[PDB]
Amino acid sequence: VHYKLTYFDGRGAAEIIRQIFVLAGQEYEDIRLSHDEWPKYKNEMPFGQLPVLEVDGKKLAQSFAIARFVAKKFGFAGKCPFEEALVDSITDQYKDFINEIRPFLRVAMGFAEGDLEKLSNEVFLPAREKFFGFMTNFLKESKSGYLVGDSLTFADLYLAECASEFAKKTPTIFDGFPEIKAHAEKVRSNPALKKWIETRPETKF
């Protein structure tokens, strides 16, 4: 079975898919297209966008559909049909949270001008508060330290990566959410992830 994953040069929407391959021990081509060459390849993608996974020559788009596909192959999608659905509900909520902080992310990423501190105070931190409060109710219920069931799933991976990364410039992101901080530390102490985080290309996004 050969895997190719195509994205731009950044962590962005592809990074959890890479971490699932990392945890599985599975080799894949990590293809990172430059801005200049993108218009030449856009046409090969099912919805003209990235990331795209190619699985023995067959193309699959949509980062959550790809993460789910790879997680199910390697045992990170949840351990029974109901737990898989809980994992899916959590990643769908995370997608809503990402959509909600769009105005913040567009300025923080240089794609628009605006008042970064104000967007942080008014858009990002209030949105993280609601999202972290729902994630914390899951962690209070699991009592394994993982969001769903007794072991790591790709829902754990989206939450820890986003919490750890936002923590770099938003120092107060864990204030009032000590379970969220413990989960991110627990997930990132996974030895395979920890080494990938040290070794991966160092990019702004």
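In case it trips you up, residue 1 is the first one in the sequence shown, and so on.
Here 129 to 137 and 74 to 82 are compared by their mean Cα B-factor, and 74 to 82 comes out higher.
For the pair 143 to 151 and 41 to 49, the mean B factor over Cα atoms is greater in 143 to 151. The deposited CA B-factor of residue 91 belongs to the lowest third of values across its chain. The PDB entry assigns residue 164 a C-alpha temperature factor belonging to the middle third of its chain's modelled residues. Sorting the modelled residues of the chain by their CA temperature factor places residue 63 in the lowest third.
Sorting the modelled residues of the chain by their CA temperature factor places residue 3 in the middle third. The deposited CA B-factor of residue 56 belongs to the highest third of values across its chain.
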